[PDB]
Number of protein chains: 4
Amino acid sequence: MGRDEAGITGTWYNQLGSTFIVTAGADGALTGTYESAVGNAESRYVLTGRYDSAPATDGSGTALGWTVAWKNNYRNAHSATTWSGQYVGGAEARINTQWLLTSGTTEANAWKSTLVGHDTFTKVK
Amino acid sequence: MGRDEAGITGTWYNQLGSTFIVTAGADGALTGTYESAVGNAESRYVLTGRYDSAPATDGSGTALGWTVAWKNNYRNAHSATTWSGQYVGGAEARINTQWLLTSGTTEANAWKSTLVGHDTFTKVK
Amino acid sequence: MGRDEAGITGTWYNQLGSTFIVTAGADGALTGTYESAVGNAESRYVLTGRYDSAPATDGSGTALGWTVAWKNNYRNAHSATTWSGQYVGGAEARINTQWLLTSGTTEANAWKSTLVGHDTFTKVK
Amino acid sequence: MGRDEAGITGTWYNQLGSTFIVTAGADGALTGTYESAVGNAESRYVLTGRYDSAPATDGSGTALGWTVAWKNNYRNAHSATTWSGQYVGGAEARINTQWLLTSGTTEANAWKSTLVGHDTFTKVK
Ligand SMILES: CN(C)c1ccc2c3c(cccc13)C(=O)N(CCNC(=O)CCCC[C@@H]1SC[C@@H]3NC(=O)N[C@@H]31)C2=O
Ligand SMILES: CN(C)c1ccc2c3c(cccc13)C(=O)N(CCNC(=O)CCCC[C@@H]1SC[C@@H]3NC(=O)N[C@@H]31)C2=O
Ligand SMILES: CN(C)c1ccc2c3c(cccc13)C(=O)N(CCNC(=O)CCCC[C@@H]1SC[C@@H]3NC(=O)N[C@@H]31)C2=O
Ligand SMILES: CN(C)c1ccc2c3c(cccc13)C(=O)N(CCNC(=O)CCCC[C@@H]1SC[C@@H]3NC(=O)N[C@@H]31)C2=O
């Protein structure tokens, strides 16, 4: 709860070397910035999202998600990613996610508008 | 741009009868509430997300995404959904999305933590 | 069972105008050809897959999936799609699917190797 | 080509401890069996799929996919999984996949019919 808040807030790194900095609010909000090590991305981008401010205490992870639109002062990649996953606490804390990356397309190209992938975030690296 | 802002802001309905009410901010923010016609959901839930405040003008859609954590004053479904998609404007304006719904799980059950689906939102119904 | 076999076997069409011709075997096999109305595709491509030869009889759909590699005598698109979904029988019989389309990539590009989408197949159109 | 055939054919293991045994045919076929270490699964299940019998030689992976219906002599889990991904050869050869697992459902429950995940297969473990 406040446990999750404290667990989630901070800097995370994924397997690609991207950096996710986030504050979890007591109200279930996630707010922060994201810097992608790959793709059409430079510097930091705003992120917002939500999390289960009251997960179970049977050892279950904590559900959460967030979005980045790939526009900032330096680039506009006409796209947006959402990550959906769960926070697991402890000595090797992790956010395990799957993500959808959608590009704005013509109607003709809409069938190929969305990439899918997975990112695992840790507190080190 | 301001076009997208004006296009996106408002009430949308999906094929299931769910209701998405959203304000698009000039800064690329999405803020609002979501009421799901199905699943472990009651009343409205906070939503936040982002959108490409400056899509292309070659007739491409506008990328966007948002999250809902399935906790409010009435229920806690220990889960969170992200929708990723694009807004298409005009007489039959649409937000075409794919979504990931993750439940908090034990580590044993993490492989089955995430549902995937698609929702199409329109301004009527 | 033999019901499913009879239900599934035949020609289906999706919302894009693609054509899926399939034989369901008594052993749970699916075999046939696919012709895509869109993308880097021409003529027919082999398809194979499986289905639950013994679904429930509580009105549940019948789970199934199949793959196409996008290589034939005319083109090689260095890619393969899998469709996962369920057959629903009756007067407006449907196969409702989600699909993953993966392209062979460099290791650098693997994070963007896979598109996701949804196709609905019917017996007419 | 024959390279891919030789690369792919054999026994693979994923991070969960599941075992995938496959023969790649010269015609682009994949045929074999799958034994899942997790879920509603026992013993081996038939699998079929396809692969790009002629990938590029710029170091790109080889696209492929396959399906398992979760019915055999011991169990019927009313479901089917498709894996979509790419084979990468060499000293630490890998098949990197994403998967869709669909359960037969009522029409009411169709929105939650499909799980999504990722599996990485290697030749050892
Ligand atoms: C239609 N058709 C041929 C395309 C043409 C162009 C594009 C696409 C795209 C998606 C789907 C198809 C196309 C797409 O997303 N785009 C925009 C790309 N946008 C970007 O590169 C922004 C960085 C995204 C980084 C990802 S987020 C998940 C992962 N985790 C990380 O930390 N980093 C990676 C295109 O141009
Ligand atoms: C591990 N294993 C056996 C499960 C056990 C329980 C659950 C799950 C879930 C996901 C995956 C597996 C399980 C899951 O999400 N859950 C929480 C469900 N949470 C909810 O029902 C909240 C409403 C979500 C409504 C969806 S959002 C996309 C779509 N579009 C709409 O407008 N409405 C629908 C479980 O309990
Ligand atoms: C890495 N990065 C920038 C890409 C560059 C090139 C490509 C990709 C792809 C996928 C992901 C990224 C890229 C991809 O799949 N490719 C191959 C495309 N392959 C094809 O076009 C084959 C037809 C597929 C038709 C689809 S199947 C689901 C749907 N349902 C239907 O009936 N028809 C549609 C690329 O080139
Ligand atoms: C609708 N609602 C509440 C559900 C109720 C029951 C079920 C579901 C399912 C999917 C989605 C929702 C539900 C589902 O798939 N099912 C069948 C499960 N079927 C099985 O357990 C078969 C083993 C699958 C093993 C996976 S394959 C990807 C991964 N990689 C591996 O090597 N092993 C794992 C349900 O019962």
# chains A, B, ... in the order shown; residues from 1 in each chain; ligands from 1
>>> residues_near_ligand(ligand="ligand 3", cutoff="9 Å", atoms="only C-alpha atoms and all ligand atoms", output="PyMOL selection string")
(chain A and resi 111-112+114-115) or (chain C and resi 13-20+34-42+68-71+76-83+98-106+109-119)
>>> residues_around(residues="residue 48 of chain A", least_positions_apart="3", cutoff="7 Å", atoms="only C-alpha atoms", output="count of residues only")
7
>>> closest_residue(among="C:4, C:43, C:11, C:85", to="ligand 4", atoms="only C-alpha atoms and all ligand atoms")
C:85
>>> closest_atom_pairs(of="chain B", to="ligand 1", cutoff="12 Å", atoms="only C-alpha atoms and all ligand atoms", output="tab-separated table")
residue	atom	partner	partner_atom_place_in_ligand_line	distance
B:52	CA	ligand 1	17 (C)	11.3
B:55	CA	ligand 1	17 (C)	11.8
B:56	CA	ligand 1	36 (O)	12.0
B:60	CA	ligand 1	1 (C)	10.4
B:61	CA	ligand 1	1 (C)	11.4
B:62	CA	ligand 1	17 (C)	11.8
B:63	CA	ligand 1	15 (O)	9.3
B:64	CA	ligand 1	15 (O)	11.3
B:84	CA	ligand 1	15 (O)	11.0
B:85	CA	ligand 1	10 (C)	10.5
B:86	CA	ligand 1	10 (C)	11.4
>>> select_by_dssp(residues="chain A", states="alpha helix (DSSP H)", output="JSON, numbers by chain")
{"A": [2, 3, 4, 5, 6, 7, 8]}
>>> write_last_selection(atoms="N, CA and C atoms", output="PDB file, in the first residue's frame")
ATOM      1  N   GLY A   2       1.189   1.804   1.186  1.00  0.00           N
ATOM      2  CA  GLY A   2       2.366   2.640   1.373  1.00  0.00           C
ATOM      3  C   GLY A   2       3.643   1.848   1.102  1.00  0.00           C
ATOM      4  N   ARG A   3       3.539   0.521   1.264  1.00  0.00           N
ATOM      5  CA  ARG A   3       4.571  -0.448   0.923  1.00  0.00           C
ATOM      6  C   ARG A   3       4.837  -0.390  -0.581  1.00  0.00           C
ATOM      7  N   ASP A   4       3.746  -0.418  -1.352  1.00  0.00           N
ATOM      8  CA  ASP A   4       3.848  -0.428  -2.798  1.00  0.00           C
ATOM      9  C   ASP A   4       4.395   0.886  -3.300  1.00  0.00           C
ATOM     10  N   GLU A   5       3.840   1.954  -2.735  1.00  0.00           N
ATOM     11  CA  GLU A   5       4.279   3.302  -3.017  1.00  0.00           C
ATOM     12  C   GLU A   5       5.804   3.412  -2.880  1.00  0.00           C
ATOM     13  N   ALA A   6       6.319   2.990  -1.718  1.00  0.00           N
ATOM     14  CA  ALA A   6       7.746   3.006  -1.418  1.00  0.00           C
ATOM     15  C   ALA A   6       8.498   2.047  -2.341  1.00  0.00           C
ATOM     16  N   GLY A   7       7.903   0.879  -2.651  1.00  0.00           N
ATOM     17  CA  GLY A   7       8.557  -0.096  -3.501  1.00  0.00           C
ATOM     18  C   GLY A   7       8.746   0.423  -4.930  1.00  0.00           C
ATOM     19  N   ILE A   8       7.718   1.104  -5.452  1.00  0.00           N
ATOM     20  CA  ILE A   8       7.634   1.411  -6.872  1.00  0.00           C
ATOM     21  C   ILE A   8       8.414   2.677  -7.170  1.00  0.00           C
TER      22      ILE A   8
END
